[PDB]
Ligand SMILES: *[C@@H]1O[C@H](CO)[C@@H](O[C@@H]2O[C@H](CO)[C@@H](O[C@@H]3O[C@H](CO)[C@@H](O)[C@H](O[C@H]4O[C@H](CO)[C@@H](O)[C@H](O)[C@@H]4O)[C@@H]3O)[C@H](O)[C@H]2NC(C)=O)[C@H](O)[C@H]1NC(C)=O
Ligand SMILES: *[C@@H]1O[C@H](CO)[C@@H](O[C@@H]2O[C@H](CO)[C@@H](O[C@@H]3O[C@H](CO[C@H]4O[C@H](CO)[C@@H](O)[C@H](O)[C@@H]4O)[C@@H](O)[C@H](O)[C@@H]3O)[C@H](O)[C@H]2NC(C)=O)[C@H](O)[C@H]1NC(C)=O
Ligand SMILES: *[C@@H]1O[C@H](CO)[C@@H](O[C@@H]2O[C@H](CO)[C@@H](O[C@@H]3O[C@H](CO)[C@@H](O)[C@H](O)[C@@H]3O)[C@H](O)[C@H]2NC(C)=O)[C@H](O)[C@H]1NC(C)=O
Ligand SMILES: *[C@@H]1O[C@H](CO)[C@@H](O[C@@H]2O[C@H](CO)[C@@H](O)[C@H](O)[C@H]2NC(C)=O)[C@H](O)[C@H]1NC(C)=O
Ligand SMILES: *[C@@H]1O[C@H](CO)[C@@H](O[C@@H]2O[C@H](CO)[C@@H](O)[C@H](O)[C@H]2NC(C)=O)[C@H](O)[C@H]1NC(C)=O
Ligand SMILES: *[C@@H]1O[C@H](CO)[C@@H](O[C@@H]2O[C@H](CO)[C@@H](O)[C@H](O)[C@H]2NC(C)=O)[C@H](O)[C@H]1NC(C)=O
Ligand SMILES: *[C@@H]1O[C@H](CO)[C@@H](O[C@@H]2O[C@H](CO)[C@@H](O)[C@H](O)[C@H]2NC(C)=O)[C@H](O)[C@H]1NC(C)=O
Ligand SMILES: *[C@@H]1O[C@H](CO)[C@@H](O[C@@H]2O[C@H](CO)[C@@H](O)[C@H](O)[C@H]2NC(C)=O)[C@H](O)[C@H]1NC(C)=O
Ligand SMILES: *[C@@H]1O[C@H](CO)[C@@H](O[C@@H]2O[C@H](CO)[C@@H](O)[C@H](O)[C@H]2NC(C)=O)[C@H](O)[C@H]1NC(C)=O
Ligand SMILES: *[C@@H]1O[C@H](CO)[C@@H](O[C@@H]2O[C@H](CO)[C@@H](O)[C@H](O)[C@H]2NC(C)=O)[C@H](O)[C@H]1NC(C)=O
Ligand SMILES: *[C@@H]1O[C@H](CO)[C@@H](O[C@@H]2O[C@H](CO)[C@@H](O)[C@H](O)[C@H]2NC(C)=O)[C@H](O)[C@H]1NC(C)=O
Ligand SMILES: *[C@@H]1O[C@H](CO)[C@@H](O[C@@H]2O[C@H](CO)[C@@H](O)[C@H](O)[C@H]2NC(C)=O)[C@H](O)[C@H]1NC(C)=O
Ligand SMILES: *[C@@H]1O[C@H](CO)[C@@H](O[C@@H]2O[C@H](CO)[C@@H](O)[C@H](O)[C@H]2NC(C)=O)[C@H](O)[C@H]1NC(C)=O
Ligand SMILES: *[C@@H]1O[C@H](CO)[C@@H](O)[C@H](O)[C@H]1NC(C)=O
Ligand SMILES: *[C@@H]1O[C@H](CO)[C@@H](O)[C@H](O)[C@H]1NC(C)=O
Ligand SMILES: *[C@@H]1O[C@H](CO)[C@@H](O)[C@H](O)[C@H]1NC(C)=O
Ligand SMILES: *[C@@H]1O[C@H](CO)[C@@H](O)[C@H](O)[C@H]1NC(C)=O
Ligand SMILES: *[C@@H]1O[C@H](CO)[C@@H](O)[C@H](O)[C@H]1NC(C)=O
Ligand SMILES: *[C@@H]1O[C@H](CO)[C@@H](O)[C@H](O)[C@H]1NC(C)=O
Ligand SMILES: *[C@@H]1O[C@H](CO)[C@@H](O)[C@H](O)[C@H]1NC(C)=O
Ligand SMILES: *[C@@H]1O[C@H](CO)[C@@H](O)[C@H](O)[C@H]1NC(C)=O
Ligand SMILES: *[C@@H]1O[C@H](CO)[C@@H](O)[C@H](O)[C@H]1NC(C)=O
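Residue numbers (our numbering), protein chains in the order written: chain A, 1 to 100; chain B, 101 to 225; chain C, 226 to 675; chain D, 676 to 722; chain E, 723 to 844; chain F, 845 to 966.
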């Protein structure tokens, strides 16, 4: 059993529709999300509590039930096309990528 | 989005040791409970290495493969941190990052609010 | 029809923080008038038994949010600092030292002691003197014959006052009027969540300001069986309080009739330093009963399996590194500060399905309390005989992180944050405020005659 | 006692506003002294 | 039942101990942060007396008004409240009704009765 | 009117706000020179309450005596005082003999009333 896994994985997206990414984990707990672009350090998007991270321009949101958390991104804006990762304490997922 | 000042990059021979370090202003450093290190290998997801406590210097590593080859230190009067890696192998080529957490309440999960630009270590012939 | 009525004195309370009153044993003060914890004036201990069992009352507790810890911590630091203000101010002491290792010693070549000399000031501006005396290796660094004190670039090194005892004195905390302290009576309580049975007490009892690192010494003993408590169990940043149900006894000693020299370094400015040592010089150490320790760990292991499963392996290991204060067991015995090698206690693995352990120790005279930056205290030497006996009541442990290919988990000594010690005694108590105003319906009309 | 002259080899704006002065200052050790140098404004010093 | 022993009893039964609660440091009476604590206890005590004075209930543990009870505040029976509940539960039950009730007691009873009584006295 | 709105208004109208004034820190209730200030507020409150207790006026906003008003100290119509004056003005007219008035409240009413009540009681 892998402690933290992500889905759907890399997908094509169309701007104007709202994105949805999701991941699951062993046991239960708070979960958080980061955004990463090539050549750059990652940045925090959502606090592990699901509260929006400071400095984020109100395009990101999410919630959880059971062992699963879902992240959504407003209107699939191209500015946010990036690698995305889940984190649960010590573990990181394999990540996903936004394409078009 | 405050950046941590990161040390430079370079290339090492197998078996060589290397030091990686980062610096901040005193009003950034004092607020930090833990300084964490992570590794980003090409083609891989992000890997946790370990952390050092800013107050006591206590260290908690991830895989034992790091524990035997990695030592973490901190210096509160210089507002810095250092990572000492020994026994480098070709499999250790990766970008390494300095990152920090200022959350003092449990049950809130881990956070990495601050990041350095990171540095590249290349191990080769 | 019903009407509003008012009831003054209603027995309702709400969670609240308020400053608590310091209380202690006046007789302890009489035995030592300058004791730092006893203080010159305080509220009496109020030993009187609890009147109230609060039948049919339950409520939520959370020891991790218990602000009594912060007040205890603040007061302990404040008393310590205040007690040092009268002290001699040894700052002029930092001069170039010129020296070599101790020679013509009987010995136990240990490099722990050096025989050093320097140009020190005197009562007169015009005169200088050579002090000599001995130093511990831990207190000095090389500039190779030239040396400096290890904390000489800090704001000050000052002598502990020669007539102040640091022996822990019980401190009780009492509610202000209109407030009360509630105590959870549930056996083997988590320290968190709903408590099945509570009671009311005017003050806390039995709490002592005992400073230690890896092993809490002389604390309360778990009521029935070893308790494992933590803020969480998945977050490896958090410490675990082991809470033994039985004590593990330890003897600690220090050799050997070390003499003391009194030096004036200015008008009336007494400076104390280590003089010659009579007879053999041995490394300081402690004995822990091997059998007692082993039975004790077995009990801890049984409890850990409750959180990790019965198909697990529990491994213990020594410290991962960091400051001397976290990597070793530190304690104050007889006024001397010891740092001991505890690795002999943790070299074991536990798998589901007259002897003793001797622990070597080291001594330094310069102490930076509570990891404070820029300040240091110089302890004057204790004149030659240390004998100390203690009760180990529990450990502060951490768990190694990282993924596994197995059910094996590894635990190490950790923490070093003194607030975790205070919490191990204060978890039983909660502070609330009493709110008299209340209203309820009756049939009365408040008839009025005018 | 400070021993000094005007700032020299400066790009400048002879303004007498800045002086380049040196002195023997104490150190962390009673036995050692150091040369500090650094600059002073004219308003803060007298001959 | 002693200090707060009444908390384990019904609201009706608890009324027997109101004096005991008044004695047990509700008064603010003592047997430089310690000085501030003493001052605070006094301020809290006097405030509550003022509120009773505003209601015209001063000097009494139990006081009535002509302000009617709102059955919608609790949706519970008279005997249910007095026999099947504790004061701790009750406080939570009507806890958002303090602002209105407190205002009504002053406006509907105390200032009005005093004005009407003055007119009789004239 | 509201707090401080009331002082300016005719002495009669002001009576509607007596509780309002009591609530708005007149009572001295507090929400190291700052500590001294808190203590003094308490002393001011208790002193005035003691006067009311002496007069038998405690617990009341409006309290009467059997001592006649000294009309020579005010020289105005009853309705003139209540409708055409403020309390700020009124205080100046009767300020000089105020020591006498306070003494009369004790001597002419309370010392004698308590003695007579005791005689009836025994
Ligand atoms: C855990 O608890 C144990 C027991 O309570 C505790 O050990 C005790 O420590 C105290 C203080 O070190 C010991 O008391 C000493 O007893 C000797 C007996 O002759 C006295 O001479 C000592 O007096 C010294 O201090 C005086 C202060 O003015 C000086 O004037 C005098 O000259 C001495 O310097 C002192 O009273 C006590 O005997 C031990 N008990 C045992 C069983 O050894 C232990 O330290 C506690 N552990 C921790 C971590 O606190
Ligand atoms: C260490 O910290 C962890 C958090 O970082 C703690 O994890 C929490 O543990 C509790 C208890 O097991 C979990 O509660 C479960 O929640 C699920 C579903 O959630 C329901 O409620 C939400 C409210 O918004 C609702 O939206 C959902 O639809 C559900 O209605 C229940 O099914 C379970 O029965 C149980 O209640 C927490 O979920 C879990 N984390 C979070 C974020 O909830 C962990 O316990 C801590 N460890 C300790 C204290 O030792
Ligand atoms: C106060 O004085 C102490 C003692 O001199 C200072 O600590 C010393 O700081 C230096 C510089 O960081 C350390 O040097 C290091 O030595 C290792 C040796 O292998 C070398 O690899 C490093 O590159 C570096 O040169 C020195 O070891 C250290 N001494 C001790 C005993 O830890 C301290 O920094 C001073 N505080 C100040 C100036 O604020
Ligand atoms: C430290 O060094 C001093 C100085 O050498 C030692 O004291 C000397 O001992 C010799 C022999 O008895 C005397 O002749 C000297 O006069 C002593 N010097 C002074 C200043 O008293 C001292 O014993 C040494 N300490 C040790 C070896 O622990
Ligand atoms: C005090 O003793 C130490 C040894 O315990 C001396 O340092 C040693 O000096 C020799 C050469 O003479 C070296 O080969 C050793 O490696 C040194 N040891 C260490 C730990 O560095 C020391 O010089 C003596 N006294 C002083 C003032 O240094
Ligand atoms: C540590 O030393 C103490 C003595 O200082 C030991 O306690 C004594 O043990 C003897 C054994 O025959 C008893 O007769 C004494 O009555 C004990 N003294 C007491 C209990 O105060 C203690 O057992 C030693 N600890 C260890 C682990 O050996
Ligand atoms: C801890 O145990 C050791 C070993 O038993 C004690 O050291 C012995 O002390 C006796 C004292 O008469 C000596 O005769 C032995 O030779 C010592 N054994 C050694 C040096 O290996 C030690 O004193 C005990 N420590 C205490 C009680 O604090
Ligand atoms: C430690 O020092 C004390 C003195 O401070 C020594 O006590 C001496 O004991 C002998 C025993 O017969 C007496 O004759 C001496 O008069 C004592 N000294 C004093 C100053 O009175 C004690 O013996 C010393 N211990 C060691 C190991 O030398
Ligand atoms: C923990 O215990 C081990 C022994 O089981 C200590 O031994 C160290 O082992 C490493 C192996 O590479 C050596 O390089 C070290 O030199 C050994 N000791 C020291 C002091 O360096 C280890 O030190 C112990 N950790 C502590 C005491 O913190
Ligand atoms: C703490 O105690 C352990 C155990 O005694 C020490 O480990 C020793 O390390 C040296 C390193 O050269 C080895 O040669 C010994 O054989 C080890 N002893 C063992 C394994 O029993 C460790 O060095 C001590 N740590 C410190 C800081 O002194
Ligand atoms: C370690 O714990 C034991 C057990 O609680 C302590 O011994 C008890 O001390 C009390 C003191 O009033 C006695 O009444 C008990 O009868 C003792 N229990 C025994 C002898 O089994 C011991 O003193 C504690 N050690 C320290 C240093 O506090
Ligand atoms: C706490 O609860 C118990 C019940 O569990 C109360 O016991 C009551 O005792 C009276 C005595 O006449 C009986 O009439 C009641 O029926 C009992 N209650 C129940 C539920 O059986 C006890 O009085 C309660 N504590 C307080 C302070 O009231
Ligand atoms: C402040 O001045 C205004 C304006 O004069 C006062 O308004 C009075 O309103 C009542 C309403 O019935 C009228 O009968 C009055 O004639 C108005 N003024 C006067 C002077 O009579 C207002 O009441 C004044 N506020 C006070 C006195 O507190
Ligand atoms: C100490 O002072 C003397 C002069 O009084 C000087 O000769 C000596 O060199 C100084 N220190 C040492 C180690 O010599
Ligand atoms: C501690 O909390 C856990 C989770 O609620 C519970 O299962 C356990 O029984 C508690 N322990 C005690 C002593 O109440
Ligand atoms: C501790 O107990 C275990 C058995 O549970 C035993 O195998 C081990 O040798 C003991 N350790 C000792 C006696 O030091
Ligand atoms: C330091 O003292 C010496 C004493 O001779 C003096 O010559 C020197 O000028 C002083 N400072 C400097 C910078 O020269
Ligand atoms: C009772 O609640 C209703 C809610 O609409 C309110 O209108 C009514 O005035 C309230 N009664 C009292 C006495 O407050
Ligand atoms: C009181 O009990 C009676 C029982 O018939 C019920 O009809 C009434 O609604 C109750 N009053 C309440 C719950 O306020
Ligand atoms: C007070 O308001 C909160 C708001 O959600 C409500 O949940 C609570 O039940 C209310 N309490 C009362 C006594 O009405
Ligand atoms: C009150 O008004 C009447 C009007 O005739 C006047 O005679 C009387 O003296 C007045 N009383 C006073 C001013 O006290
Ligand atoms: C009050 O006394 C002062 C000072 O003697 C005097 O000037 C003033 O006229 C008096 N006022 C009254 C109302 O009697």
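Built from N, CA and C at the ideal position, the CB exists for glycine as well.
Handout entry: residue 226/C: CB within 6 Å of a non-hydrogen atom of ligand 22
Key = Here residue 226/C corresponds to residue number 1 of the third chain, with the count starting at 1. For ligand 22, not one heavy atom lies less than 6 Å from the Cβ of residue 226/C.
Practice task
State the DSSP-derived secondary structure class of residue 470/C, mapped to helix, strand or coil.
Solution key: Translated into positions along the third chain, residue 470/C becomes position 245. Here residue 470/C sits in coil by DSSP.
Problem - the region 944 to 957 of chain F contacting the region 861 to 875 of chain F, beta-carbon criterion three pairs below 8 Å - result: The region 944 to 957 of chain F vs the region 861 to 875 of chain F: no contact.
Handout entry: Complete alpha helix (DSSP H) runs within the region 767 to 813 of chain E (minimum length 4 residues, chain order)
Key = 800 to 806
Exercise for the section: Run the proximity test for residue 790/E: is its beta-carbon closer than 6 Å to any non-hydrogen atom belonging to ligand 18? Expected result: As a position in the fifth chain, residue 790/E is number 68, starting the count at 1. Yes.
Problem - Stretch pair the region 391 to 402 of chain C + the region 431 to 443 of chain C: three plus CB contacts closer than 8 Å - result: yes
Exercise for the section: Identify, in the order they occur along the chain, each residue of the same chain with its Cβ nearer than 7 Å to the Cβ of residue 752/E, setting aside the five sequence neighbours on each side. Expected result: Taking the fifth chain and counting its residues from 1, the one referred to as residue 752/E is at position 30. Cβ neighbours of residue 752/E beyond the five flanking positions: 760.
Practice task
Can you grab the Cα-Cα spacing for the pair residue 807/E / residue 239/C, in whole Å?
Solution key: The residue labelled residue 807/E in the question sits at position 85 within the fifth chain. The residue labelled residue 239/C in the question sits at position 14 within the third chain. Near 18 Å, if we compare the C-alpha coordinates of residue 239/C and residue 807/E.
Handout entry: Chain-ordered chain C contacts of residue 176/B [CB-CB under 9 Å]
Key = For the purposes of this step, residue 176/B is taken as residue 76 along the second chain, with counting starting at 1. Under the 9 Å cutoff, chain C gives 596, 598.
Problem - Interface partners of residue 456/C on chain B, CB under 8 Å - result: Numbered from its first residue, the third chain carries residue 456/C at position 231. What residue 456/C touches in chain B: 206, 207.
Problem - Runs of beta strand (DSSP E) wholly within the region 366 to 413 of chain C (minimum 3 residues, chain order) - result: 371 to 374, 381 to 384, 396 to 399, 404 to 409
Exercise for the section: Please decide whether residue 210/B counts as near chain A, where near means a Cβ-Cβ distance under 7 Å. Expected result: On the second chain, residue 210/B is found 110 positions in, with the first residue counted as 1. So, interface residue.
Handout entry: Contact set between the region 459 to 485 of chain C and chain A, restricted to residues whose Cβ is under 8 Å from the partner
Key = 459, 460, 461
Exercise for the section: Jot down the residue ranges of each uninterrupted beta strand (DSSP E) in the region 264 to 346 of chain C, minimum 3 residues, whole runs only, in chain order. Expected result: Qualifying beta strand (DSSP E) stretches, in chain order: 284 to 287, 322 to 326, 338 to 342, 344 to 346.
Practice task
Go ahead and pull the three-state DSSP assignment for residue 754/E.
Solution key: Numbered from 1 along the fifth chain, position 32 holds the residue referred to as residue 754/E. Three-state result, residue 754/E: coil.
Practice task
Please find out if some non-hydrogen atom of ligand 5 comes closer than 6 Å to the beta-carbon of residue 325/C.
Solution key: On the third chain, residue 325/C is found 100 positions in, with the first residue counted as 1. Yes, since a heavy atom of ligand 5 falls inside the 6 Å radius drawn around the Cβ of residue 325/C.
Handout entry: Environment of residue 328/C [buried if 16+ CB atoms lie within 10 Å]
Key = Counting from one through the third chain, the residue named residue 328/C turns up at place 103. Exposed, by the Cβ-count rule.
Exercise for the section: Could you tell me whether any Cβ in chain G is nearer than 7 Å to the Cβ of residue 151/B? Expected result: This model lacks chain G altogether, as its protein chains are A, B, C, D, E and F.
Exercise for the section: State yes or no: is the beta carbon of residue 732/E nearer than 7 Å to at least one beta carbon in chain C? Expected result: Working through the fifth chain from its first residue, we reach residue 732/E at position 10. No, no contact with chain C.
Practice task
Note down the Cα distance separating residue 185/B from residue 408/C, rounded to an integer number of angstroms.
Solution key: In the second chain, residue 185/B corresponds to position 85, counting from 1. In the third chain, residue 408/C corresponds to position 183, counting from 1. Answer to the nearest angstrom: the Cα atoms are 50 Å apart.
Practice task
Step through the CB atoms of chain B and report whether any lies within less than 7 Å of the CB of residue 71/A.
Solution key: For the purposes of this step, residue 71/A is taken as residue 71 along the first chain, with counting starting at 1. No, residue 71/A does not count as interfacial toward chain B.
Problem - residue 365/C at chain D interface by Cβ criterion, 7 Å - result: Translated into positions along the third chain, residue 365/C becomes position 140. It does not; no Cβ of chain D falls within 7 Å.
Practice task
Look at the alpha carbon of residue 847/F and the alpha carbon of residue 786/E, and state the distance between them as a whole number of angstroms.
Solution key: Here residue 847/F corresponds to residue number 3 of the sixth chain, with the count starting at 1. Here residue 786/E corresponds to residue number 64 of the fifth chain, with the count starting at 1. Answer to the nearest angstrom: the Cα atoms are 28 Å apart.
Handout entry: Collapsed DSSP secondary structure at residue 136/B in the structure displayed
Key = For the purposes of this step, residue 136/B is identified with residue 36 of the second chain, where counting begins at 1. Strand, per DSSP.
Handout entry: Residue closest to residue 498/C, alpha-carbon to alpha-carbon, out of 343/C, 301/C, 673/C
Key = Translated into the one-based positions of the third chain, residue 498/C becomes position 273. It is 343/C whose Cα lies nearest to the Cα of residue 498/C.
Exercise for the section: Run the CB neighbour count on residue 379/C, radius 10 Å, all protein chains shown included, and call it buried at 16 or more, exposed below. Expected result: Position 154 of the third chain, counting from 1, holds the residue named residue 379/C. Classification for residue 379/C: buried.
Practice task
With 7 Å as the limit, tell me which residues of the region 29 to 43 of chain A have their beta carbon closer than that to any beta carbon of chain C; keep them in chain order.
Solution key: 29
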